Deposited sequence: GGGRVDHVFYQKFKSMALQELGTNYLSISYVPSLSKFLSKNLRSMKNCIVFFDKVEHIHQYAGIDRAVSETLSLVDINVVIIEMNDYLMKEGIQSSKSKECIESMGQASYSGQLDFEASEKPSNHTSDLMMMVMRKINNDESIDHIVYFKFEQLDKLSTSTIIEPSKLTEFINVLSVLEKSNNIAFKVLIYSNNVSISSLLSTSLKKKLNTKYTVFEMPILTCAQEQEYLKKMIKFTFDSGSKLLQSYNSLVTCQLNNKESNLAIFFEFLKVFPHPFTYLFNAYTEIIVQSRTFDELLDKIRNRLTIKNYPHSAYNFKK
C-alpha cells in the first residue's frame, strides 16, 4: 500500500541530479553553450575548482552541452598523456576519421586538481595548431585547475585566444542554503508523501537541537560538505526499507558519528 520503492528510486535520482546541479552559477550554463555548442576552437580554464562536487557539476554540464551538438564530437583525455606524424596526432586523427559527418569537434580534457613533460606539451600544441589550420575540425581544450606554464605555452604558440571561468567561492550562508536545497525533493509535486518528507526536513533544519540541524553545523566547518552530505544521505535512503524507517533516520539516526560508513 505505501510504495516506498517509488519514493526511494525518485529520491535517489533527484539527490543525484541536485548534487550535479550548477544552478548556483547560472553564468556557467550560458558560458558553456557559448563556447562548446559552436564550430569555433577555444581553450577554457576552470579556476578555483576546489571541490569534487564542483568538478562533477561542470563535467555533467559539459557532457550535456556536447549532447546538444548536431555534429560529430570526439573525446580525448590528455591527463594520461602529459602529466607522465606524432603518436598523439595519429591517435587524434584515427578518432576524427569517423565517416559520421563532414565537420568534427575534438574535446581535449585535462584535469590538474591536486596541483608535465615539456616534450609531451609541445606535441599537443602541435596537434592543436594543425586542427586550427583545418576547416571542418574544431577543438575545445578544457582544463580544470586549483597550469602556469600551460597557459603561457598555449597563449604563445597558438592563434586561438583562451577564456577563463572563475568558480565562485560560496559564503557559509550560500553553502548552507544550497546544501538544504540538495535534500529537498520536487518529484510528485503536491503529493502528501512529498509534503511529509519536505516538512520533516524543513522543521528539523529550523530546530537547532535536532540531528539534522547539528549535522549541518558540522558541514559549516567540513572541507567538502556536498560530498559528505551526499554520501550520508544516499545511505539513509538506500538502507531504509520503508518510508517510516527513512523519517526515523533523519530524526534520530543521522549523526557525524553514524553517517557515512
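**Student:** So which bits of the deposited sequence did not make it into the model?
**Tutor:** According to the deposited record, C-alpha coordinates are absent for 1-6, 91-125, 157-162, 194-197, 313-319, which together make up the missing parts.
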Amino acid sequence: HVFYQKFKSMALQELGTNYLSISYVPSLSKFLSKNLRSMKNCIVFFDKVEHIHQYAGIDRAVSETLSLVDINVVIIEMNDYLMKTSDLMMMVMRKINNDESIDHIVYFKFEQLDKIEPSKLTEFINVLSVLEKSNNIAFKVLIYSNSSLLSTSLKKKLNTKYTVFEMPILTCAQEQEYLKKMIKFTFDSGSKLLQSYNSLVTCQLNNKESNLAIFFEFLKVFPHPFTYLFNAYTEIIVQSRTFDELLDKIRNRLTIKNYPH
From here on, numbers count along this sequence of modelled residues.
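**Student:** May I ask you to compare 156-164 and 125-133 by their mean CA B factor in the entry and name the higher one?
**Tutor:** The entry gives the higher C-alpha B-factor average to 156-164.
**Student:** Please work out which of 147-155 and 96-104 has the higher mean CA B-factor as recorded in the PDB entry.
**Tutor:** For C-alpha atoms only, the mean B-factor is higher in 147-155.
**Student:** Return the residue from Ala138, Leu88, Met182, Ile75 that has the highest Cα B-factor in the entry.
**Tutor:** Each of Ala138, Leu88, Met182, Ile75 was compared by C-alpha B-factor; the highest is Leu88.
**Student:** In terms of recorded Cα temperature factor, pick the maximum from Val62, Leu229, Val69, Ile236.
**Tutor:** Max CA B-factor in the entry, restricted to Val62, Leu229, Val69, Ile236: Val69.
**Student:** Quick check for you: using the entry's CA B-factors within this chain, is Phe46 in the lowest, middle or highest third?
**Tutor:** Middle third of the chain for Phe46's C-alpha B-factor.
**Student:** Ranking the modelled residues of this chain by C-alpha B-factor as given in the entry, is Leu113 in the lowest, middle or highest third?
**Tutor:** CA B-factor rank for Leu113: middle third.
**Student:** Quick one: classify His53 as lowest, middle or highest third of the chain based on its Cα B-factor.
**Tutor:** Lowest third.
**Student:** Which third of the chain holds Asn198 when residues are ordered by C-alpha B factor: lowest, middle or highest?
**Tutor:** Lowest third - that is where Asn198 ends up once the chain's C-alpha B-factors are sorted.
**Student:** What third of the chain, by the recorded C-alpha B-factor, contains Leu219?
**Tutor:** CA B-factor rank for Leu219: lowest third.
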